[PDB]
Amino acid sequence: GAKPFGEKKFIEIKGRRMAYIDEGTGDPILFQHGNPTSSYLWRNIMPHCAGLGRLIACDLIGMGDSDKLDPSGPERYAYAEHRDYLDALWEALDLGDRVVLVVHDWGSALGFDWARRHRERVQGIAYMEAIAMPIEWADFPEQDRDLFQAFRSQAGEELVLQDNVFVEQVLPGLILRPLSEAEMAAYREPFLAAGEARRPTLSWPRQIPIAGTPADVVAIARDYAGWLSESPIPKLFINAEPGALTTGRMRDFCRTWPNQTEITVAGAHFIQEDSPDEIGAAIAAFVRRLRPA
């Protein structure tokens, strides 16, 4: 299904207008995409949670139907800058203190961080192919290692801003089934233009806490990893086979997390495109359990 879930709403944040999905009533079930994705990534999963709460899917700034930052540059869209826009967006949405988090990739780095800082408001965390902890190159998926190493080099501007590699090569390359034309249109739409409109999908891999750099993001991930490993908050780990990011040591460490349910679905990185109904069913099961009658 290539059809988006529901419709986009917009809200002005820090003078910056962000796009989001908000469907239903009750405690929110917050789904957050990462790079180079948008709310669209959850379109076939969110339906499974219908009637279970308030279904919300935000577009990170510079992503999806969210406004671009201007002026943009190599120093724009760092982690700190996304969190400052996201924090204010999640505040404006009045989510309450019984939020379930559903996270992926930078959505998990961001969601996990948010969760630590607001642990009291977090009913539960469902995560998959996440940034669970700072890592080394040896832990990074082999097939894409030297490419991710090049994004974090001066070649990074040519690969991404000029050629849109993350959107056109990384994203298809880590989904196990052939995407449809309408589906690749929706992922490429926010990045149709060459240059700075594609800056966020280059700044994101530059932000990954790898090999001790960058130190601020490393620190934040050190922080929430230590916390998550100790929090009794209910967790749903959607493991993937063969998976990509959350394998090996990081997978090892995640399996250490308390009060955690784990399932395995078919997929590489963007597993919502390979196993949306298995992921959806599991998330709705998790929320039901968290929200009886």
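Numbers for residues come from their place in the sequence shown, where the first is 1.
Which of the two stretches, 209-217 or 164-172, shows the higher mean Cα temperature factor in the record?
Looking at the recorded C-alpha B-factors, 209-217 comes out higher on average.
On average, which has the higher Cα B-factor in the deposited entry, 124-132 or 175-183?
It is 175-183 that shows the higher mean C-alpha B-factor.
Using only the C-alpha B-factors in the record, can you name which of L89, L202, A115, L192 has the highest?
Out of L89, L202, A115, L192, the record gives the largest C-alpha B-factor to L192.
Between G243, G248, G34, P234, where does the Cα B-factor run highest in the record?
Of the options given, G248 has the highest CA B-factor in the PDB entry.
By its CA B factor, does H269 count among the lowest, middle or highest third of the modelled residues in the chain?
It belongs to the lowest third of the chain when residues are ordered by C-alpha B-factor.
How does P28 rank on Cα B-factor within its chain, lowest, middle or highest third?
Top third by C-alpha B-factor.
Taking only the Cα B-factors deposited for this chain, tell me whether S229 sits in the lowest, middle or highest third.
Its C-alpha B-factor belongs to the lowest third of this chain's values.
Give the position of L101 by CA B-factor within its chain, expressed as the lowest, middle or highest third.
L101: CA B-factor falls in the highest third of its chain.
Classify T261 as lowest, middle or highest third according to the C-alpha B-factor given in the PDB entry, relative to its own chain.
Its C-alpha B-factor belongs to the highest third of this chain's values.
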